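Here the Cβ positions follow ideal geometry from the backbone for every residue, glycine too, while neighbour counts run over all protein chains shown. All of this is worked out from the model, or read from it or from the source named; these are not laboratory values.
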């Protein structure tokens, strides 16, 4: 019997062995089609023990994925160049930047955090406009694990996600950590009609989600801003 | 034959008369169940002439509705009290305010624009957080004309809008001025399936819109922020 | 009654060594015993972004920012010396025989039925067809994978070694024999019947293979690669290593073994696409597609289970396929 | 209905070696076989403070105290011997051909669709234009990057070597042909004909490129520059490393390959800026800019998708650009960044 | 010498020349062009 923790799966190996006189079994931890770890555990283990045998590897993978796909940071500096006044984490670049060094001609500059800086001079009202427009949700790093073609705004290239992609955000094992019931209440549906979406295969009574419901759900969970 | 300009309707009066030797007709301009103006126009008038006979009254009603339901304005002042540095139009109040006068203890204050001011001292990073959270879309004044129960976030009290309410935002006569085809492309649907929504009565082959599609459409048109 | 065994395993035949690389000058190929080895080195590379972007055209400034801070890596490389124009690759091959017998089993009746089926196959035909195809794959230098591409003239040379000396030599032109079809020629048939004599258990055989390829001075050769797991992420400096046994560039054995058993022409899809390597659910990772899907009754497992348990033979080409899969060896059990 | 493949890869054509350097005197150019190599040495350097400073600096006491403690570096350098004035560069080149076939794919239909696309291209236009531009870039010594500038006279010989001996010969003056345009010439047309024959899968070609550049006595040359890695150094280490094969200064092969494909004159920005190298989102790194931005419809991917999937064949120069990018090779598909 | 609190270093003179078009005296222009003939790394 498998165990499912979000997009991860833990399976046994169908024929045990005797190590030290006691019967054991090999277990494998998968992330989609990629095998990550293998352990040998005895029997008389409940499923919670098999869970927290691998919990640390799960947490480390979460830490690395969070650090790698972190969004970019802009900052607001005065006319000298140092003494950053405020920071903001954006999800896109404001498209007018070109490599700059601040001088005394203007009292406010908006630079990047990367080292060969790009920058722009602002006047504290357009800065608020850019902060409103280009900001990033608190869980924007989950978008680094998604295929992109399920994330576009254009309706012509979009395709509905599969169940394995959909388990990245919904379910108690997912990275948001939200339930199916709470996500169903977030969309104004029943729990059963929402469970219809996450069956596993469309032949076994499963429907695709809509474009609008998918983007609105990504909006309400704080993953994609979806203006 | 009626003429429909968004939520407005222009009907003739079913039996004309002769004024100055020429045949005429009475016309009435409605806004839902409320009658607004009555004119007497001759025949040999195309529908464009009957349109711009009333265009000015339509524009004046738009001007008054825009001014009345305008959102509130906050402002950022330094330690003296005058010389506002930046302004922002919010859609809600930040819930921690209580009537204040700025002093020299802090260099930044966030006051209201109404006269017995409320205010709060900030430090230019939480100010950006409040600006990201509580800002207002460019067409937020259209929400003043809507019944509210079609605008709530709670799924238990929400009801779908009727066709007359739905003509406030979609259609060439609406206040946003967006087409049915463009709104259908904004939701990833066909034009015909979107025209299914705006028929007029559900007995005459018309379906209600969903909760998620309605809120996502209000998000994408810049009417309600819908976080 | 008479089910399949739960555990069942076969040892491989046609064991190759690893291939060793060395360089020298053409027309000195007959005196190639002191040719020096090819060594791997390191060099630095700076490159920019060249893949598809995840978001297509929503951010040009991110593209310029990625350009202004490019990527730096360290990379292994193998070259010929700047005064030699010929690669030399040498390995040995051992043929065993005793093809039918597994190395592990559960039911005695299962393996008895199995080896009597194999005895019937070997009584009908010899190993002559499979040995012909193997000698054909050895004639052209297919085991030079990328080093064969665009070469000028490539010639192989096989010796038969019984005691410490050579019994019979062969020479070929590997560009005469294409990679597309299986012809006949008397030298190739003599080699093929030697292979079939080795496969039958009638005697041991040991061959050594040497291939020369005229490439050009200072050009690039291609050994096998290795694993750079969890090492190209923190700084990403080292990013490619080549396999080398005792400071000489080398190819893995199983790459040569994969190159040898590309003889399967009987897969149902087409025949204008050339032979592939044998496999249960015969698949090519370079195209991401498995011929002999289990839906059609042409995979290895259903063919074997039909031949042994329901006791009807498939077509003779499918008998060639299942016998070649038994020659390859592996683990066949309930997983 | 016909979507694109998820995995796609093309091996490269136009494979060069890496070029190594040697030295001698002019008018010994026809005996340059025993010209010794140019080696690399080391030397010490003491530097000043000559960069911008932060605002919390520039208090002059701190500046003077910074000038008090100096920095001592070691540096690799390479220069001509003290009685020679000509630099010699030598490498070989293979033109492979068969540029249409991918090395990995998923859809068969996508594969033969683009196969018949490049077959229609190669039936309409030959390989004559691209081989003309390639032989142009071989003619002028563009692969000398910084050794070309400020040189007196530069001459380049090509030998087409078919068997173990020479078959044909070329000689040029590299600064006669500009780095700005593409003219016509009979010998250049014969060379471009040979290259376009090799690209079309007709024959087997192999060239040897030798360049002679007149610099002066004892002057400095420029090989490729390596990358040094050190984790919390002690401020006495080297700060510059040079590439060398078997104790002879050399240029990386990809530097030569980048100099060879500098044939893009069709980018929509301007015309007085010179040809650049063929790239998807065609970008040079010295400017830090990206011509063929994807918000314009002139990058490689949108041109390829409009040509293959929906049959909008672009302008003929854009077709030249796409075929050049296919000759370059690369990785396309859903290994996206 | 050319201490940058005095407005006579290379950087401030170059910035005032290129941006605000306050071209300095001809000897300072000689100094700036000689510094450009020297060459170097002028970035942050």
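The table that follows gives values for the structure above.
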item: Of residues in segment D:153-173 being in a loop (DSSP other than H, G, I, E, B) and touching a strand residue (DSSP E or B) at 6+ places or on another chain (Cβ under 8 Å), the one nearest to the other protein chains (Cβ to nearest Cβ); result: D:162
item: Residue ID - surrounded by the most Cβ atoms within 10 Å (Cβ to Cβ), chosen from residues in segment C:182-210 that are over 17 Å from residue C:168 (Cα atoms) and touching a strand residue (DSSP E or B) at 6+ places or on another chain (Cβ under 9 Å); result: C:199
item: Only listed residue being outside any strand (DSSP E or B) and touching a helix residue (DSSP H, G or I) at 6+ places or on another chain (Cβ under 7 Å), chosen from B:66, B:15; result: B:66
item: Some residue of segment C:244-264 being closer than 24 Å to residue C:17 by Cβ, within 14 Å of chain D (Cβ to nearest Cβ) and in a loop (DSSP other than H, G, I, E, B); result: no
item: Index of the failed condition, residue D:206 passing every other in (1) more than 21 Å from residue D:157 (Cβ to Cβ); (2) in contact (Cβ under 8 Å) with a residue 60 or more places away in the chain; (3) within 14 Å of chain C (Cβ to nearest Cβ); result: (1)
item: Residue count, segment A:196-207 (criterion: within 21 Å of the chain's Cα centre (by Cα) and surrounded by fewer than 19 Cβ atoms within 10 Å (Cβ to Cβ)); result: 2
item: Given (1) within 14 Å of another protein chain (Cβ to nearest Cβ); (2) surrounded by fewer than 18 Cβ atoms within 10 Å (Cβ to Cβ), number of the condition residue B:145 does not satisfy; result: (1)
item: Residue in segment C:113-134 that is under 23 Å from the mean Cα position of the chain (by Cα), within 14 Å of chain D (Cβ to nearest Cβ), surrounded by 15 or more Cβ atoms within 10 Å (Cβ to Cβ) and not in a loop (DSSP other than H, G, I, E, B) present; result: no
item: Filter result (out of contact with any helix residue (DSSP H, G or I) (no Cβ under 8 Å at 6 or more places or on another chain) and away from chain B (no Cβ under 12 Å)) within segment A:202-227; result: A:202, A:203, A:204, A:205, A:207
item: Exclusive hit being buried (at least 17 other Cβ atoms within 10 Å of the Cβ) and under 22 Å from the mean Cα position of the chain (by Cα), set C:290, C:250; result: C:250
item: Tally, over segment D:1-54, of residues that are within 13 Å of chain C (Cβ to nearest Cβ), more than 27 Å from residue D:258 (Cα to Cα) and surrounded by 12 or more Cβ atoms within 10 Å (Cβ to Cβ); result: 3
item: Odd one out for residue D:311, checked against (1) free of Cβ contacts under 8 Å to residues at least 12 places away in the same chain; (2) more than 13 Å from every other protein chain (Cβ to nearest Cβ); (3) assigned to a helix (DSSP H, G or I); result: (3)
item: Residue, nearest to the other protein chains (Cβ to nearest Cβ), within segment B:41-98, restricted to residues that are farther than 30 Å from residue B:11 by Cα and in contact (Cβ under 8 Å) with a residue 60 or more places away in the chain; result: B:91
item: Residue tally, condition surrounded by fewer than 16 Cβ atoms within 10 Å (Cβ to Cβ) and outside any helix (DSSP H, G or I), over segment B:163-175; result: 1
item: Neighbours by Cβ (under 6 Å, 6+ apart or cross-chain): first from segment C:57-70, at the interface with chain A (Cβ under 7 Å from one of its Cβ atoms); second crowded, with 19+ Cβ neighbours inside 10 Å; result: C:59/A:93; C:60/D:293; C:61/A:93; C:61/A:97; C:62/A:93
item: Scan of segment E:9-41 for residues that are under 19 Å from residue A:105 (Cβ atoms) and assigned to a loop (DSSP other than H, G, I, E, B), ordered by number; result: E:9, E:19, E:20, E:21, E:22, E:23, E:24
item: Among residues of segment C:77-89, those that are assigned to a strand (DSSP E or B) and either within 14 Å of chain D (Cβ to nearest Cβ) or surrounded by fewer than 17 Cβ atoms within 10 Å (Cβ to Cβ) (or both), counted; result: 5
item: Of all residues in segment A:101-125 being within 14 Å of chain C (Cβ to nearest Cβ) and surrounded by fewer than 16 Cβ atoms within 10 Å (Cβ to Cβ), the one that is farthest from the chain's Cα centre (by Cα); result: A:116
item: Residue identified as outside the structural domain of residue D:118 (by CATH), touching a residue at least 60 places away in the same chain (Cβ under 8 Å) and within 19 Å of residue D:135 (Cβ to Cβ) among D:236, D:257; result: D:257
item: Residue in segment C:233-243 that is farthest from residue C:88 (Cα to Cα), counting only those that are in a loop (DSSP other than H, G, I, E, B) and touching a strand residue (DSSP E or B) at 6+ places or on another chain (Cβ under 7 Å); result: C:236
item: Filter pass, residue C:215 being within 14 Å of chain D (Cβ to nearest Cβ) and within 30 Å of residue C:33 (Cβ to Cβ); result: yes
item: Residue A:148 in a loop (DSSP other than H, G, I, E, B), without any contact (Cβ under 8 Å) to a residue 40 or more places away in the chain, under 28 Å from residue A:59 (Cβ atoms) and more than 18 Å from the chain's Cα centre (by Cα); result: no
item: Residue, nearest to residue A:158 (Cα to Cα), within segment B:176-201, restricted to residues that are at the interface with chain A (Cβ under 10 Å from one of its Cβ atoms) and outside any helix (DSSP H, G or I); result: B:188
item: Conditions (1) surrounded by 15 or more Cβ atoms within 10 Å (Cβ to Cβ); (2) out of contact with any strand residue (DSSP E or B) (no Cβ under 7 Å at 6 or more places or on another chain); (3) outside any helix (DSSP H, G or I); (4) more than 11 Å from chain A (Cβ to nearest Cβ): number failed by residue B:137; result: (4)
item: Residue count, segment C:135-152 (criterion: away from chain D (no Cβ under 14 Å) and outside any helix (DSSP H, G or I)); result: 5
item: Residues that are within 11 Å of another protein chain (Cβ to nearest Cβ), in contact (Cβ under 8 Å) with a residue 60 or more places away in the chain and surrounded by 19 or more Cβ atoms within 10 Å (Cβ to Cβ), drawn from segment D:314-337; result: D:328, D:332
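Okay, residues lined up against (1) in contact with a strand residue (DSSP E or B) (Cβ under 6 Å, 6 or more places away or on another chain); (2) surrounded by fewer than 16 Cβ atoms within 10 Å (Cβ to Cβ); (3) touching a residue at least 24 places away in the same chain (Cβ under 8 Å); (4) at negative phi:
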site: A:4; (1), (2), (3), (4): no, yes, yes, yes
site: A:18; (1), (2), (3), (4): no, yes, no, yes
site: A:23; (1), (2), (3), (4): no, yes, no, yes
site: A:29; (1), (2), (3), (4): yes, no, yes, yes
site: A:32; (1), (2), (3), (4): no, yes, yes, no
site: A:38; (1), (2), (3), (4): yes, yes, no, yes
